[PDB]
Amino acid sequence: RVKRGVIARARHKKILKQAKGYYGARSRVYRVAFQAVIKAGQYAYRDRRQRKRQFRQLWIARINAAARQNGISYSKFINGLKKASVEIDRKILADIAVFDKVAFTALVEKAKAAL
Amino acid sequence: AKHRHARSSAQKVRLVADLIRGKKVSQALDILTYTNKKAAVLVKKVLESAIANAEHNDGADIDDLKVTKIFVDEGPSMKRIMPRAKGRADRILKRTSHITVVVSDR
RNA sequence: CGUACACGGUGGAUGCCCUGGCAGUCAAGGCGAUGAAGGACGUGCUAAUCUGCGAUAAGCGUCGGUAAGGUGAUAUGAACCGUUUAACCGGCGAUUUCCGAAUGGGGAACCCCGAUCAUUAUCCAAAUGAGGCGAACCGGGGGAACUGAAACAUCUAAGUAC
RNA sequence: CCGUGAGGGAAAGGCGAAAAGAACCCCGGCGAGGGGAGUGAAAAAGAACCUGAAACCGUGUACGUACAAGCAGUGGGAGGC
RNA sequence: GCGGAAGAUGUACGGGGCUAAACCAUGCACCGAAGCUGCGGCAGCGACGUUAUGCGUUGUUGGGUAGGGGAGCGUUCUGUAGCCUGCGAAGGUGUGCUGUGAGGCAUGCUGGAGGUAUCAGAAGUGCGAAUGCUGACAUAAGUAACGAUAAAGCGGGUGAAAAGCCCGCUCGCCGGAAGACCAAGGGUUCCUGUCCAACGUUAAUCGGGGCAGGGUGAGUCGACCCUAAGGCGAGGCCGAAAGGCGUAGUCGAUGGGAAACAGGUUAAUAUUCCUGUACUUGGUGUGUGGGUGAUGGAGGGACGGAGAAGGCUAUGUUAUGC
RNA sequence: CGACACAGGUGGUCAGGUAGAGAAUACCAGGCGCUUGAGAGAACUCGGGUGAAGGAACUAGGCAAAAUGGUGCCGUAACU
RNA sequence: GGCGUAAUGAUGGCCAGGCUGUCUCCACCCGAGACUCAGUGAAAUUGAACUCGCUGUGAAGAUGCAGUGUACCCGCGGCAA
RNA sequence: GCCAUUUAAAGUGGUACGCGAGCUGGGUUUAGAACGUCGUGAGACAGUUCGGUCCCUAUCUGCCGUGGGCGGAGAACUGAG
């Protein structure tokens, strides 16, 4: 009796339409959805965030690569940046001492000094 | 020309209308002569006759007339007793074709 | 050949509509051997169906109402009728072939007669009755089982179904 | 429409203001395949015609693509179109 | 540490490879968890204050199947307030924004008729997962199959097309049989003309296909009539009856059953038409003639089975006869 | 009749048409070609016809196949 | 019901003569096809992905687990793990 | 397993006691029947015996052979493994 309405036949859509990176099926069909996207929302339910503290392997494992060229490295390279000056955080840093033959030394001579 | 009657299949009555959909009418006659598909004739009688009636009537030059639009979709269906298997009875929901051809000056 | 979309098709959902159903309520309420209900088969110039009639066959007559338009649903072609006021609506009357519960007898509609039981009886069927149909309800009789008792022979369902 | 029979038992709605519901022309073996064109209102109308989606088919477009390993994402950095 | 230790299409710790880039006994610094700590955003329980499960602060802070509890939005119709719309709505497609979300909302195209918000009540209310039910559809496949009456072929005709329509010739099939005549049954399907969209497992100018006409003119053909096994109705007799056993009546097999053959004729009919001739029944009568009759019984129909003689038909044959 | 133009099923008459030991093959009469086609000398079966030598050795069993298998004369056992 | 038994019996087992492919082993050919071509044209069947190989492991013989190596596309025919 | 005639030798074990989408079916676990045993009995008895059906046009993958293309083609060769 009650005409289905904007529910069902309105559910096949509003879904399937969001997978800009769909697959063969899992987008053309619905029975392939709500099971392919069910993994979505989860699988990494609230984890992308993994990268941070994950791929961050470098930036703290390249800092020595930046150094070990104009003196010591990692060991007493970060144990000097917090000694003098305002002490700059290590984010954009330890990532710039690779894509530019400059600034990387603007931290080595900073360190090794006032040690 | 155009398209009416037949007993084609519509499905296989294309792909040939393809490759001959673009411009250049001459590029529609050189091709289609060797298709190795039943979908070569009939569809050639047209597009070749479409250029006809284009010269005389509906004035147009054969030197600049090209194929603009061509589609294949129609019927109707029809009951058809096509005895198959070792001995049975089944109706064929066979469908006819529709080979449109427009060779005007592009 | 993978996937998305565009134009066209296939298909038919959906949205809207719907001369239909479903349900409730009020009123009203039997037909027939003066042979009904039902069915069969006819009937309109053409009509294959439906409906109306039925061989005066979607028609006839009277009165009243009504009205110019009319000749059923199909708004076709042909064509007719109406002011000697039709069509249409209501009531009533006339007629109403043959077969047909018909019962004379036989019979898958066809051929010849009051058949059978019973009362009265001028015992001559002569005068009469019964013999059918109809939604449920009602009255008088006959009368289960599965089932329940998470087994079962009382009991229970039943005094119901039939 | 099915069963000897008792009996069983579907599907199919709608163009519209009117009428249109595809005239005329070309092609072709052809009243069975249509370009074109005509019909239109709100018929994104043509004889089961209002609207007309999905599965799906054709053409076409965007983009990969005959070394290529597979859930086909995510974040970071490089490539092009 | 070793002897006691032979078997399966190419053998090694994850590999490279390492005298330690092994292993053993320890130790230190890092990468490495959504771990621990820090910055911006929670839940449940308990405590404090509170009407408060509203806030503020405080202790514990946050994985989960079965299962328990709770919030939520999509939805229809009818309240009360109050709005939008052909300077165009609902719905549909694509897209932007917002919410933790369930969703709301906006734009463009289209649609083109109505459709909402607040508070309130309501509904057969919100759904991918019953060898589920019904309809539709894709891949599979343009894959599988057409076989003792195994016969067609060469020219020609007609046609817009003819390998299977028609003509001639040649080459073959069948003969108790695909020949001839019929029952049952089917049923006009027969014939002619005009066509073919539909039917003919190809095509078709062909058809037992579609449409419109025409055709089956008997006394002696069959029905009609009667009867056998047997059955039915009426009277008689049994709680009752659309229930049963003897008599009178009737019904039940195109079997039984009174009567004609021959010939001719039509595009299609016939011992039914026509020509000639023959025969039966009923009624009446001109004549002859001068008796006209259900039901059971008679011959008759029950002429039955087995063996079999002789006669014998047309035909065929001897005859190369006519 | 069997769902269909399904090699299934379905009564009677014509058993003297011609050649033989017959209502057996070939063939007048009559009827019919209405049991989808075209090209190439595979592997690959079902149907079919028998093999040099041996010969059932196969096999549950000689299943299957084959063999004797017209007519006339001679002749013919056990058993009953 | 025990014993035993002419003729007959598509009954069960066995031996001999003759014969035969039935077997030890097997060639081609004939009719109708297969392979290809015109025309006419279904129905069965699939969770997804899918070209692996060598070892090891695992309920100790999995392509899909683990470690490496490797892998060109399509198509026809077969015997079929 | 009794056994016979030969043989220089004429071992053994695994492959879901390899192998039925390859075969054969002779056996066992059907409708008949016979027999014993059990039962009064029908009937029964992993007791026996006579007669008795075992399917599919493989799509994918694997392998045995044959080709088309891709790295511009015709012809003639070489050739790791």
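Residues numbered from 1 in each chain as written, not as in the entry; some residues may be left out. Chains lettered and ligands numbered in written order. Part of a larger assembly, values for the part shown. Heavy atoms only, no water.

In its metadata, the entry names cryo-EM as the structure determination method and reports 15 Å as the resolution.

Just to check I follow, could you spell out the overall build of chain B for this structure?
Assigned secondary structure in chain B consists of one helix and two strands. Counting from the amino terminus, helix and strand elements in chain B follow one another as α-β-β. Taken over C-alpha atoms, the radius of gyration comes to 16 Å for chain B, far larger than the 13 Å a tight globule of 106 residues would show. Taking the principal axes of the C-alpha coordinates as reference, chain B spans close to 55 × 25 × 15 Å. Across the 106 residues of chain B, 29% fall into the buried class. In chain B, the share of contacts with a sequence separation of at least 24, taken over all contacts with a separation of at least 6, comes to 67%. (Helix = DSSP H or I, 4+ residues; strand = E, 2+ residues; numbered from the N terminus. Rg over C-alpha atoms; globule rule 2.2 N^0.38 Å. Buried < 20%, exposed > 50% of the residue type's maximum accessible area, 1.4 Å probe, protein only. Contact = heavy atoms within 4.5 Å.)

Which parts of the structure should I look at to understand the pattern of salt bridges?
Pairing is possible between side chains of opposite charge, provided their charged atoms come close. Residue and element names in this part refer to chain B. By the definition in use, this model includes two salt bridges over all chains. In this structure, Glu48 engages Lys45 in a salt bridge whose closest nitrogen and oxygen atoms are separated by 3.1 Å. Judged by its relative accessible area of 43%, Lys45 is partly exposed. (Salt bridge = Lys/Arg side-chain N within 4 Å of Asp/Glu carboxyl O.)

So what exactly am I meant to see when it comes to the packing of aromatic side chains here?
One pair of aromatic rings is described through two measures. These are the centre distance and the angle between the planes. All names here are of chain A. For the structure shown, the criterion picks out one aromatic pair over all chains. Ring geometry for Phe55 against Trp59: centres 6.2 Å apart, planes inclined by 85°, an arrangement best described as edge-to-face. On the accessibility criterion, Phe55 (43% relative accessible area) is partly exposed. Exposure remark for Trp59: the relative accessible area of 16% places this residue in the buried category. (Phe/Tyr/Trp six-rings, centres within 6.5 Å; stacked < 30°, edge-to-face > 60°.)

Got a minute to help me understand the nonpolar core in this structure?
A general tendency of soluble globular proteins is for nonpolar side chains to be buried together. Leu47, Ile99, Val101 and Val103 of chain B are the most contacted members of the largest nonpolar core, which has 21 residues in total. Of all hydrophobic cores here, the second largest spans seven residues; its members include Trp59, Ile63, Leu81 and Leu93 of chain A. (Core = buried A, V, L, I, M, F, W, Y, C linked by side-chain atoms within 4.5 Å.)

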